[PDB]
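Working notes, beginning with the structure itself.
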Amino acid sequence: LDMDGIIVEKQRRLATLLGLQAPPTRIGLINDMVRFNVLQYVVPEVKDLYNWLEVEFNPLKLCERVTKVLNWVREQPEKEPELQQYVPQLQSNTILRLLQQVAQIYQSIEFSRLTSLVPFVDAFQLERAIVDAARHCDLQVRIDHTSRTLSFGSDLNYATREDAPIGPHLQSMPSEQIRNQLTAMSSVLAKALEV
Amino acid sequence: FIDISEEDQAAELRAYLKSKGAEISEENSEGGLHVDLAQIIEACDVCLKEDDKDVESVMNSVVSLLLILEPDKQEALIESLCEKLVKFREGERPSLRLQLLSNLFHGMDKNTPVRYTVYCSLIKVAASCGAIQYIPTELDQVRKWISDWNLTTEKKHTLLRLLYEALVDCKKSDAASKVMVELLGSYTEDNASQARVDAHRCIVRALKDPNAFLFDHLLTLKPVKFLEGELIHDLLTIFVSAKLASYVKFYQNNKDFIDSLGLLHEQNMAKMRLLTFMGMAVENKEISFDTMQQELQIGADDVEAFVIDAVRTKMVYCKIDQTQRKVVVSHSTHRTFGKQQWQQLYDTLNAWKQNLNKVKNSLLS
Amino acid sequence: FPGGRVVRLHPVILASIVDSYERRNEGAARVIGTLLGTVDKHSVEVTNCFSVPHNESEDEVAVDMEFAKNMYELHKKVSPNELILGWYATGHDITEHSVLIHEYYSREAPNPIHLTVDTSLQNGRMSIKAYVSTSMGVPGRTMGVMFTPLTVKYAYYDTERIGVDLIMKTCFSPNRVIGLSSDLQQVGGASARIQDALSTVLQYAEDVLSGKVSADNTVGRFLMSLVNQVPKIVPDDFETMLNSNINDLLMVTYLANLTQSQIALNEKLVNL
């Protein structure tokens, strides 16, 4: 409403205090730091799990991959009871990430079974967090279906809300779409390589 | 090491830079100037004897290599002299010497002994130090001039079927085996019983990996039309079975090597592959859930997941809905006559559209 | 590891070659300079260079290095690209002067990485050839350096390289950049001529006997790749989506030429 460019420019003033030169980006950080020995330096309690969070993807077998080892670290007393504040954001991320996964993987599954297909710690705030993924547009699904037949749609919207906003939170699944100059493109790609 | 940019005439020059070298050669080298001016005896002395205990002698081995093209029998002493490359068992300083005279420069490949001989040198030297960057060296020459010498092109058939096991990987296996298959397809090795080795391994390799999709890179240009079908080994087994789609049409055909490999995961996947591909192809790019269910004769949940396993492999690719548009355009598997008829009527669809649509834009251009 | 495999320069240095060699300021034959380039220590990413006036003859050796050090300060001060890599020289290739100016380069003492300029009307010999050398031991004569050839890669920012791609069409016969839209639809049609002339012959070759060999599932896969993303299958629902697109561009275009009117309309009743 009033001057959007303030705090996003102030993120530099925070970054310079941190010792950063530019403001923070995403998992690219952890992947130029698995350049170092971290994904082996981390304990085989949670060495193996990040290999499922990022690289080894499945819309069926990751709600029953992340959450087992969520509980495996929930071990409060001797496993530092400060690492337990990350469970409701791992929830939040798992929802909007694995929903992008399912939404690009297939284009129609009724939440009549998606509710149990994601057997986490939620039910009605689960629905409303799927609605939260829809409203702020990690993906696009037709939000408040009563019969609960929520199809995703094709294509209509690679405008503002495909990557959410620009960064890719999809591992190399996502299905295809068409737009404007896309003709020149692959047509004239696939053209000049065979010659 | 000591310099090469004295008067050249590199004879007494190489003797005096070798001054530092090991006892076994430097009890002979400078004294060799009285044997001859010494560019064969003195130029073979380093080829026989080994170094100090170190390969850092690569810097004076540059002299040793650059002193072969001019004075020596270069083809005989390029098979040799790159044999200290095996006799030390190091893979970085050798890797300098291998590229410095890889070929085409400061030696200048003939008539192609310097490709093969320095290639086998690289082979015995390093696992993957240079062996990553020695595909461009070979394919630089595949793109301009197929190896004139079939005797050295058969020695190339050896170094490419060597690469398969040299670096253990699915793509190194593919590249080395299939580019040997490519030049075999063009102009090499016929040679009836020596074609059987490529037929044998093209079974094992495209049976091992999905790097022919099923038979496709064994059906591309001429990799089964020379690699004969109803052969000693029967290449047509998987050819026909690539459209039969039944474990019984695998079981019935396979001999006691494919039995012991063994084909266990490949059947399930490749069945689900070519069935959905042909389902896509007919009924009709936007196929029925119930059709694919009662073609594969299994349930719902495996099928759902395996539709996206089918598009991740990308024999078919686009958006997929629940019970409609299961698998989609692009028939990325082999299409023999179906492509010939549709490619004819697509270049007809172009002659229609694009020649009409250019003067439509030239109307406003 | 071998430091010299592939030198990654782009047509900035190609423009640094010709201009420096087409004025010269009495640069008889041989122009030389210090090569500016970054190092990943496997692929040598290069950008700019800068040049000097020389009397390159026998046995007079001349590369103004201190001047090349001072304009290294200029080139880096203008763009934070690289640091000095070697000497880049005109024809001819490796001789005694090239190594006597490598002495002038070991005066500052980095790892040498070179680039020859071909003054010839050959087609077999590549226009530009980069060079490194090993051994490179040399506490001996002047510089007995063992030259390795370096194949070049033309890899930097791609809208430059498509800007290059129209400089290639200047190179054919300019070809001014005036009718962007109108003329990039002419070359879009020119692409479609390449398709039909290509697709027809690779069909009719296998109508005769044994065509579609290098065109079975190469162009066969890339016929599929044409139709992957133009056109879309035959979906008339998406044609309606577009026909509403035909409505909204008309609007974008109408708003466009009305704000053209709103220039003189509002802005020039100043003009009475």
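Chain labels run A, B, ... following the order of the structure tokens; each chain numbers its residues from 1, and ligands are numbered from 1 in the order shown.
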
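Applying a distance limit of 6 Å to only C-alpha atoms, the residues of chain B near chain A read residues 318, 319, 320, 321 and 322 of chain B.
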
Write the selection just made, keeping C-alpha atoms, as a compact mmCIF listing (two decimals), in the first residue's frame?
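The result, stored in result_26.txt:
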# COMPACT_ATOMS: atom_id res chain seq x y z
CA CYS B 318 3.00 -32.92 -20.57
CA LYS B 319 0.34 -32.18 -17.84
CA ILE B 320 -1.61 -35.32 -16.62
CA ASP B 321 -5.20 -35.30 -15.15
CA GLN B 322 -6.75 -38.15 -13.01

Distance query range 181-184 of chain C at most 8 Å, only C-alpha atoms, self and fewer than 6 positions along chain excluded, as a ChimeraX atom specification: /B:361-362,364-365

Residues just named, written with C-alpha atoms as a short mmCIF file (atom, residue, chain, number, x, y, z; two decimals), in the first residue's frame:
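Now in part25.cif:
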data_model
loop_
_atom_site.label_atom_id
_atom_site.label_comp_id
_atom_site.auth_asym_id
_atom_site.auth_seq_id
_atom_site.Cartn_x
_atom_site.Cartn_y
_atom_site.Cartn_z
CA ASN B 361 3.59 -11.24 -41.82
CA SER B 362 5.26 -9.83 -45.04
CA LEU B 364 2.94 -6.18 -42.35
CA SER B 365 6.74 -6.47 -43.16
#

Chain C contacts on chain A, only C-alpha atoms, 10 Å, as a list in words: residues 154, 155, 156, 176, 177, 178, 179, 181, 182, 183, 184, 185, 186, 187, 188, 189, 190, 191, 192, 193, 194 and 195 of chain A

Tell me, counting only C-alpha atoms, for each residue of chain B within 9 Å of chain C, which pair of atoms is nearest and how far apart they are in Å to one decimal, in rows ordered by chain and increasing number, as a Markdown table.
| residue | atom | partner | partner_atom | distance |
| --- | --- | --- | --- | --- |
| B:1 | CA | C:137 | CA | 6.3 |
| B:2 | CA | C:140 | CA | 5.8 |
| B:3 | CA | C:144 | CA | 4.8 |
| B:4 | CA | C:144 | CA | 4.8 |
| B:5 | CA | C:144 | CA | 4.3 |
| B:6 | CA | C:141 | CA | 6.7 |
| B:58 | CA | C:135 | CA | 8.3 |
| B:59 | CA | C:135 | CA | 4.9 |
| B:60 | CA | C:135 | CA | 7.7 |
| B:62 | CA | C:146 | CA | 7.0 |
| B:63 | CA | C:146 | CA | 8.2 |
| B:66 | CA | C:146 | CA | 8.6 |
| B:92 | CA | C:1 | CA | 6.1 |
| B:93 | CA | C:1 | CA | 7.9 |
| B:95 | CA | C:2 | CA | 7.6 |
| B:96 | CA | C:2 | CA | 6.0 |
| B:99 | CA | C:148 | CA | 8.2 |
| B:100 | CA | C:148 | CA | 5.8 |
| B:101 | CA | C:148 | CA | 8.5 |
| B:105 | CA | C:149 | CA | 7.2 |
| B:106 | CA | C:147 | CA | 8.1 |
| B:129 | CA | C:1 | CA | 8.0 |
| B:130 | CA | C:1 | CA | 9.0 |
| B:133 | CA | C:5 | CA | 8.8 |
| B:216 | CA | C:217 | CA | 8.2 |
| B:217 | CA | C:217 | CA | 8.6 |
| B:219 | CA | C:216 | CA | 8.6 |
| B:220 | CA | C:216 | CA | 5.8 |
| B:221 | CA | C:213 | CA | 4.2 |
| B:222 | CA | C:213 | CA | 7.1 |
| B:317 | CA | C:228 | CA | 8.9 |
| B:318 | CA | C:228 | CA | 8.8 |
| B:329 | CA | C:228 | CA | 7.5 |
| B:330 | CA | C:224 | CA | 5.4 |
| B:331 | CA | C:224 | CA | 7.8 |
| B:332 | CA | C:221 | CA | 6.7 |
| B:333 | CA | C:217 | CA | 8.7 |
| B:334 | CA | C:217 | CA | 7.3 |
| B:335 | CA | C:217 | CA | 8.4 |
| B:336 | CA | C:216 | CA | 8.1 |
| B:339 | CA | C:220 | CA | 7.2 |
| B:340 | CA | C:203 | CA | 6.7 |
| B:341 | CA | C:203 | CA | 8.8 |
| B:343 | CA | C:203 | CA | 7.0 |
| B:344 | CA | C:203 | CA | 6.0 |
| B:346 | CA | C:223 | CA | 8.4 |
| B:347 | CA | C:196 | CA | 5.5 |
| B:348 | CA | C:196 | CA | 8.2 |
| B:350 | CA | C:196 | CA | 6.3 |
| B:351 | CA | C:196 | CA | 6.4 |
| B:354 | CA | C:192 | CA | 6.0 |
| B:355 | CA | C:193 | CA | 7.5 |
| B:357 | CA | C:189 | CA | 7.7 |
| B:358 | CA | C:189 | CA | 5.3 |
| B:359 | CA | C:189 | CA | 8.8 |
| B:361 | CA | C:185 | CA | 6.6 |
| B:362 | CA | C:186 | CA | 7.1 |
| B:364 | CA | C:182 | CA | 6.7 |
| B:365 | CA | C:182 | CA | 4.7 |

Residue neighbourhood residue 44 in chain C, 7 Å, only C-alpha atoms, exclusion window fewer than 5 positions, as a ChimeraX atom specification: /C:6-8,37-39

Print the selection's residues with N, CA, C and O atoms to a file, as an mmCIF file, in the first residue's frame.
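Everything below was put into result21.cif:
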data_model
loop_
_atom_site.group_PDB
_atom_site.id
_atom_site.type_symbol
_atom_site.label_atom_id
_atom_site.label_comp_id
_atom_site.auth_asym_id
_atom_site.auth_seq_id
_atom_site.Cartn_x
_atom_site.Cartn_y
_atom_site.Cartn_z
ATOM 1 N N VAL C 6 40.645 -25.185 -22.631
ATOM 2 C CA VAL C 6 39.725 -24.357 -23.466
ATOM 3 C C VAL C 6 39.678 -22.930 -22.897
ATOM 4 O O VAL C 6 39.448 -22.783 -21.679
ATOM 5 N N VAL C 7 39.918 -21.926 -23.752
ATOM 6 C CA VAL C 7 39.896 -20.469 -23.413
ATOM 7 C C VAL C 7 38.548 -19.900 -23.876
ATOM 8 O O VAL C 7 38.271 -19.967 -25.090
ATOM 9 N N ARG C 8 37.760 -19.345 -22.947
ATOM 10 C CA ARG C 8 36.340 -18.949 -23.165
ATOM 11 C C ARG C 8 36.283 -17.436 -23.415
ATOM 12 O O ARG C 8 35.912 -16.697 -22.481
ATOM 13 N N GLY C 37 41.940 -12.256 -18.576
ATOM 14 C CA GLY C 37 41.063 -13.440 -18.448
ATOM 15 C C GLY C 37 41.007 -13.986 -17.031
ATOM 16 O O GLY C 37 42.036 -13.929 -16.332
ATOM 17 N N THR C 38 39.841 -14.489 -16.608
ATOM 18 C CA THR C 38 39.641 -15.170 -15.300
ATOM 19 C C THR C 38 40.077 -16.629 -15.457
ATOM 20 O O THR C 38 40.311 -17.057 -16.610
ATOM 21 N N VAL C 39 40.171 -17.361 -14.345
ATOM 22 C CA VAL C 39 40.605 -18.788 -14.318
ATOM 23 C C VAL C 39 39.718 -19.565 -13.338
ATOM 24 O O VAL C 39 39.693 -19.213 -12.142
#

Near-range 136-146 of chain A list (9 Å; only C-alpha atoms; drop same-chain fewer than 3 positions) as a compact mmCIF listing (two decimals) with N, CA, C and O atoms, in the first residue's frame:
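Below you can see result.txt, which holds the result:
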# COMPACT_ATOMS: atom_id res chain seq x y z
N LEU A 96 3.16 -26.58 1.46
CA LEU A 96 3.27 -25.76 0.22
C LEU A 96 4.27 -26.35 -0.78
O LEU A 96 4.03 -26.16 -1.98
N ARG A 97 5.33 -27.04 -0.34
CA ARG A 97 6.30 -27.72 -1.26
C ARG A 97 5.64 -28.96 -1.87
O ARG A 97 5.45 -28.96 -3.10
N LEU A 99 2.75 -29.92 -2.03
CA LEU A 99 1.51 -29.55 -2.75
C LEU A 99 1.86 -29.09 -4.17
O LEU A 99 1.13 -29.49 -5.10
N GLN A 100 2.92 -28.29 -4.34
CA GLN A 100 3.49 -27.94 -5.68
C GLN A 100 3.81 -29.24 -6.41
O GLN A 100 3.31 -29.42 -7.54
N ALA A 103 0.64 -31.05 -7.39
CA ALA A 103 -0.11 -30.16 -8.31
C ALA A 103 0.51 -30.15 -9.72
O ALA A 103 -0.25 -29.95 -10.68
N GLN A 104 1.84 -30.31 -9.83
CA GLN A 104 2.57 -30.40 -11.12
C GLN A 104 2.67 -31.87 -11.56
O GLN A 104 2.63 -32.11 -12.79
N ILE A 130 -3.76 -25.51 2.80
CA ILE A 130 -3.89 -25.81 1.34
C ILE A 130 -4.50 -24.57 0.67
O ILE A 130 -4.03 -24.18 -0.42
N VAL A 131 -5.52 -23.98 1.30
CA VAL A 131 -6.17 -22.70 0.88
C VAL A 131 -5.13 -21.57 0.96
O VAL A 131 -5.18 -20.67 0.09
N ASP A 132 -4.22 -21.61 1.95
CA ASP A 132 -3.12 -20.62 2.14
C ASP A 132 -2.08 -20.76 1.02
O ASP A 132 -1.53 -19.72 0.61
N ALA A 133 -1.81 -21.99 0.56
CA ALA A 133 -0.93 -22.28 -0.60
C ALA A 133 -1.57 -21.75 -1.89
O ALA A 133 -0.82 -21.29 -2.77
N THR A 149 -13.48 -32.05 -5.01
CA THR A 149 -12.86 -32.34 -6.33
C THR A 149 -12.09 -31.09 -6.79
O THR A 149 -12.67 -30.28 -7.54
N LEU A 150 -10.84 -30.96 -6.34
CA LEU A 150 -9.95 -29.80 -6.61
C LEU A 150 -8.95 -30.17 -7.72
O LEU A 150 -7.93 -30.81 -7.41
N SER A 151 -9.26 -29.78 -8.97
CA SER A 151 -8.35 -29.86 -10.14
C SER A 151 -7.52 -28.56 -10.21
O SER A 151 -8.01 -27.53 -9.70
N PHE A 152 -6.33 -28.62 -10.82
CA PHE A 152 -5.29 -27.56 -10.74
C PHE A 152 -5.41 -26.60 -11.93
O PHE A 152 -5.30 -25.37 -11.70
N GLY A 153 -5.62 -27.12 -13.14
CA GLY A 153 -5.90 -26.32 -14.36
C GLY A 153 -4.67 -26.18 -15.25
O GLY A 153 -3.54 -26.22 -14.71
N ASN A 157 -2.18 -19.49 -16.49
CA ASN A 157 -1.46 -18.77 -15.40
C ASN A 157 -0.02 -19.29 -15.27
O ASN A 157 0.27 -20.01 -14.30
N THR A 160 2.14 -14.25 -12.82
CA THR A 160 2.86 -13.80 -11.60
C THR A 160 3.16 -14.98 -10.67
O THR A 160 4.15 -14.88 -9.91
N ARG A 161 2.37 -16.05 -10.74
CA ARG A 161 2.25 -17.09 -9.68
C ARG A 161 2.49 -18.49 -10.26
O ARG A 161 1.55 -19.31 -10.23
N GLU A 162 3.70 -18.74 -10.77
CA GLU A 162 4.18 -20.08 -11.19
C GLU A 162 5.28 -20.55 -10.23
O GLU A 162 5.15 -21.66 -9.67
N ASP A 163 6.33 -19.73 -10.04
CA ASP A 163 7.53 -20.05 -9.22
C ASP A 163 7.34 -19.55 -7.78
O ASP A 163 7.94 -20.18 -6.88
N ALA A 164 6.57 -18.48 -7.57
CA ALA A 164 6.17 -17.94 -6.24
C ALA A 164 7.39 -17.43 -5.47
O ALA A 164 7.85 -18.08 -4.54
N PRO A 165 7.97 -16.25 -5.83
CA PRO A 165 7.64 -15.51 -7.05
C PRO A 165 8.45 -15.94 -8.29
O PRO A 165 7.83 -16.13 -9.32
N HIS A 169 10.93 -23.98 -6.33
CA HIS A 169 10.78 -24.86 -5.13
C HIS A 169 10.30 -26.25 -5.57
O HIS A 169 9.90 -27.04 -4.68

Residues within 6 Å of residue 316 in chain B, only C-alpha atoms, excluding chain neighbours under 2 positions, as a list in words: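 Here the answer would be residues 311, 314, 328 and 330 of chain B.
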
Close residues, range 305-307 of chain B itself excluded, 8 Å, only C-alpha atoms, min 4 positions apart in chain, as a PyMOL selection string: chain B and resi 272+301+311+326-327

File dump, residues just selected, N, CA and C atoms, as a compact mmCIF listing (two decimals), in the first residue's frame:
# COMPACT_ATOMS: atom_id res chain seq x y z
N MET B 272 5.23 -51.44 -18.54
CA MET B 272 4.49 -50.19 -18.23
C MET B 272 4.88 -49.08 -19.21
N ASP B 301 -3.22 -47.23 -7.51
CA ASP B 301 -2.20 -46.40 -6.80
C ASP B 301 -0.83 -46.54 -7.47
N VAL B 311 6.52 -40.22 -17.42
CA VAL B 311 6.81 -38.86 -17.96
C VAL B 311 8.18 -38.38 -17.46
N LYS B 326 -4.14 -39.28 -19.63
CA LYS B 326 -3.23 -40.07 -18.76
C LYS B 326 -1.78 -39.88 -19.23
N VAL B 327 -1.48 -40.29 -20.47
CA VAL B 327 -0.19 -39.99 -21.16
C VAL B 327 -0.51 -39.26 -22.46

Residue nearest residue 156 in chain C - candidates C:266, C:58, C:25, C:46, atoms counted: only C-alpha atoms: C:46

Neighbour list for range 69-76 of chain A as a list in words, cut-off 9 Å, only C-alpha atoms, skip fewer than 6 positions in-chain: residues 45, 46, 49, 82, 83, 84, 87 and 90 of chain A

Those in range 263-311 of chain B with alpha helix (DSSP H) from DSSP, as JSON, numbers by chain: {"B": [265, 266, 267, 268, 269, 270, 271, 272, 273, 274, 275, 276, 277, 278, 279, 280, 281, 282, 289, 290, 291, 292, 293, 294, 295, 296, 301, 302, 303, 304, 305, 306, 307, 308, 309, 310, 311]}
